Amino acid sequence: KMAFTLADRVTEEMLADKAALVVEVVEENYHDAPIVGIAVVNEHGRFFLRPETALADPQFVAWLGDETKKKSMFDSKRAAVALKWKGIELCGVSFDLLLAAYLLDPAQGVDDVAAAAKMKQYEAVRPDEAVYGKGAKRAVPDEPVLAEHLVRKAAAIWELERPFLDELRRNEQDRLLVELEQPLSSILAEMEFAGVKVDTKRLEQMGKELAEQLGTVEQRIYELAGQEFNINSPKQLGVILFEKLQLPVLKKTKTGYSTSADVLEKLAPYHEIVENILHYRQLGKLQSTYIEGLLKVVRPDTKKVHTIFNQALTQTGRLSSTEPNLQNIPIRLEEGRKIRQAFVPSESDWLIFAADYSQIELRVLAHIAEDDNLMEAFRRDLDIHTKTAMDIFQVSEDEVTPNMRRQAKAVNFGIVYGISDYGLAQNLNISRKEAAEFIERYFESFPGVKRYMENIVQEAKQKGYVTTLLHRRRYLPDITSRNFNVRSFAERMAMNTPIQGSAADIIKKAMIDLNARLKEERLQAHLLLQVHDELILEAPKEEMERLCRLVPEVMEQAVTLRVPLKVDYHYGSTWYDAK
DNA sequence: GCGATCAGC
DNA sequence: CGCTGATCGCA
């Protein structure tokens with residue numbers, strides 16, 4: 001339908017200093033993937049270009065790389081990375097419709113031009129899944145169909161820029177787009193392209209040890225069970241535990257029985273088999289997800305993994321990481337933690353450097369609640385769980401037992417997640433009355449936190465949304481629901497989203513400031529990963545002493561709060577040793 | 001095609 | 001009780 005020049009050569013009217021640009025990568029994983037088509041819409045009209053044509057043309061290449069030639073795009077990062085794998089630099093992206101839509105309303109799950117277009121009732125563009133299929137049926141169509149789709153996406157971006165920018169400006173989110181998320185997009189592009197080197201023989205050796213401890217564990221489970229069965233089947237396990245061996249059921253489920261780790265540790269004392277199933281679950285998880293699954297996505301040439309950071313998915317402003325997920329690499333239990341020995345510097349005589357905010361959520365809570373007891377605790381750099389135990393249990397420091405600190409720590413998680421008696425009682429394996437007593441004691445010791453939690457729910461009902469430090473927004477329409485379970489979950493989101501979201505805003509601003517400082521200092525050090533409240537870098541050995549001073553300082557000074565931001569850091573030959 | 005489970009923050 | 005993603009089993 002839509003009119004445009006299906007051009008076979010590049011012309012200077014395609015290289016105007018403002019344009020909507022689509023550099024289409026249809027492969028879901030864009031790492032070293034083909035670019036199937038190019039669309040440009042600018043003051044002169046609408047243009048489709050074959051990529052072999054466009055990317056061979058020196059003038060088109062230079063227009064891509066010229067920061068002065070402004071481009072409006074959807075998912076710039078996708079385009080930037082696919083171009084990086086071809087040695088082509090993309091610059092001058094001044095508007096990204098994906099990030100604009102994400103900031104206006106994260107709840108829409110906008111992941112294509114069509115869904116962003118719908119927020120302004122622009123319907124003259126198809127959804128990607130209607131054009132390409134999905135997953136199994138993910139094929140590039142014939143040139144006429146492809147070209148009309150790309151040109152209609154570019155035209156949608158062209159028309160949608162100014163209404164998205166006017167709404168962002170009304171929301172006071174204009175700076176969140178221009179000065180935080182879009183510069184971060186570039187930084188994520190570099191991190192993903194660089195990747196993380198994996199020691200694949202370390203992982204294969206761990207794989208072989210786990211296959212033997214799994215074998216040893218399966219047949220003692222079979223011995224104790226008096227029968228062979230699929231241990232990885234929650235259904236067949238539940239029959240073995242609750243029907244054949246007649247173990248008690250503490251947590252009744254509508255369907256069958258729960259075999260969650262929560263239920264199995266209460267069942268450990270009644271039967272030997274239980275602990276063995278939990279050891280088996282821990283090893284089978286290392287084996288399937290972190291050994292086998294990691295090895296499947298290592299590039300066999302470089303032995304690097306190239307995560308994709310989804311910048312536009314989480315309801316709080318956090319990143320997510322896929323294929324592989326480099327934000328859930330084991331660390332808590334020692335045998336899982338060894339996996340991190342396989343994550344190594346990409347060059348001879350480089351080291352891994354990890355810096356992590358200490359208790360950023362509770363420090364952000366202290367800031368926004370202006371609780372004088374919590375702010376003083378941080379100004380004194382106290383152990384916050386110990387001091388919370390001292391206050392809610394009414395004891396001196398010396399009188400806090402390890403069980404008291406364990407319980408106070410779970411209250412502190414509770415407070416930032418949005419406490420409920422039923423939630424804390426579940427976590428602590430106590431009654432609801434006992435948990436409500438802890439919560440009451442917490443609020444008598446931190447009355448500013450109690451005020452804040454009432455005033456922010458009260459503010460979420462009046463406004464219909466909540467905000468973070470840097471004006472990220474989440475809409476909480478379930479705040480006015482007559483169903484108790486659905487309205488309490490909205491009240492929890494109103495308590496938690498400003499905390500978790502403020503913490504995301506701060507680490508995103510740190511990453512931007514860190515990269516400016518690394519460039520000013522012309523250090524070879526670079527970001528590999530973000531894990532929510534930690535940055536992981538690799539650098540030459542020679543740079544370690546300067547980064548021990550520079551990275552913490554940049555992360556501490558990212559934002560000014562009423563309490564200090566505290567950062568710990570470590571470095572070593574492997575991610576494991578950076579502890 | 002989704003629930004259960006478990007890894008991270 | 002907050003936020004995620006991957007694997008597996010079973011439909």
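We use all heavy atoms of the structure for the numbers below, so side chains are in, but hydrogens, waters and symmetry mates are not. Order of the sequence lines sets the chain letters (A, B, ...), proteins ahead of strands, with each chain counted from 1.
Looking at heavy-atom distances under 4.0 Å, A:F489 makes contact with sugar-phosphate atoms alone, never a base. Backbone-only engagement by A:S321 is indicated by non-hydrogen atom pairs under 4.0 Å involving sugar-phosphate atoms exclusively. A:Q426 comes within 4.0 angstrom of no nucleic acid atom, judged by non-hydrogen atoms across all strands. A:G293 comes within contact range of the sugar-phosphate backbone alone, with a heavy-atom separation under 4.0 Å but no base atom that close. Note on A:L286: nothing from the nucleic acid sits closer than 4.0 angstrom, heavy atoms only. Among the atoms of the strands shown, only primed sugar atoms or phosphate atoms (P, OP1, OP2) are found under 4.0 Å from some heavy atom of A:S258. As judged by a 4.0 angstrom heavy-atom cut-off over every strand, A:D421 is placed among residues making no nucleic acid contact. At a threshold of 4.0 angstrom between heavy atoms, the contacts of A:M495 with the nucleic acid are absent. Counting any heavy atom pair closer than 4.0 Å across all strands shown, A:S260 reaches sugar-phosphate atoms only and no base atom. Residue-level contact check: A:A410 touches the bases, meaning some heavy atom is under 4.0 Å from a base atom.
Of the candidates B:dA7, C:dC3, C:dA6, the closest approach to any side-chain atom of A:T322 belongs to C:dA6. Comparing C:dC3, C:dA6, B:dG8 by their nearest atom to the side chain of A:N325 picks out C:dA6. When distances run from any side-chain atom of A:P234 to the nucleotides B:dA4, C:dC3, C:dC1, the shortest one goes to B:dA4. Of the candidates C:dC3, C:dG5, B:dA7, C:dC3 carries the atom nearest the A:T314 side chain, counting heavy atoms from C-beta on. Residue A:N230 places its side chain closer to C:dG9 than to any other of C:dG9, C:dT4, C:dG2.
Salt-bridge annotation for A:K77 and A:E192: present, with a side-chain N of the basic residue lying under 4.0 Å from a carboxylate O of the acidic one. Residues A:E370 and A:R451 are not paired through a salt bridge, judged by the lack of any N-O separation under 4.0 Å between the basic side chain and the carboxylate.
Across the protein-nucleic acid pair, A:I277 atom CD1 and B:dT5 atom P stand 12 Å apart, rounded to whole Å. Rounded to an integer number of Å, the gap from A:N485 CG to C:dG2 P is 12 Å. In this structure, the CG atom of A:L529 is 19 Å from the P atom of C:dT4, given to the nearest Å. Look at CZ on A:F413: it is 11 Å from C1' on C:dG2, rounded to the nearest Å. Summarising the geometry, the separation between CZ on A:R281 and P on B:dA7 is reported as 10 Å, rounded to the nearest angstrom. Summarising the geometry, the separation between CD on A:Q327 and P on B:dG8 is reported as 13 Å, rounded to the nearest angstrom. Spacing between atom CD of A:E334 and atom P of B:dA7 amounts to 15 Å, rounded to whole angstrom units. Spacing between atom CZ of A:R472 and atom P of C:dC3 amounts to 15 Å, rounded to whole angstrom units.
Between A:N328 and C:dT4 there is no side-chain polar atom (N or O) within less than 4.0 angstrom of OP1 or OP2. Between A:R474 and C:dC3 there is a side-chain N or O to OP1 or OP2 distance below 4.0 Å. Between A:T259 and B:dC6, a side-chain N or O to OP1/OP2 separation shorter than 4.0 Å is absent. OP1 or OP2 of C:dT7 has not a single side-chain nitrogen or oxygen of A:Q287 nearer than 4.0 Å. For C:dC1, neither phosphate oxygen OP1 nor OP2 lies less than 4.0 angstrom from any side-chain nitrogen or oxygen of A:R492. For A:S233, a side-chain nitrogen or oxygen approaches OP1 or OP2 of C:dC10 to under 4.0 Å. Within the structure, every side-chain polar atom (N or O) of A:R318 is placed at least 4.0 Å from both OP1 and OP2 of C:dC3.
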Legend entry - Evaluation steps, side chain to side chain contact (heavy atoms under 4.5 Å, CB included), between A:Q311 and A:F309: CA-CA 6 Å; A:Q311 201 182 347; A:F309 288 106; 6.0 Å; no
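The side-chain tip of A:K450 does not point at the ring of A:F446 from less than 6.0 angstrom away and within 45° of straight on.
In terms of heavy atoms, A:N328 sits closest to A:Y290 at O-OH, 2.7 Å.
Taking the six-membered ring where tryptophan is involved, the planes of A:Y257 and A:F242 are tilted, since the angle between them lies from 30° to 60°. Between A:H385 and A:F413, the ring planes lie tilted relative to each other; the angle falls in the 30° to 60° range.
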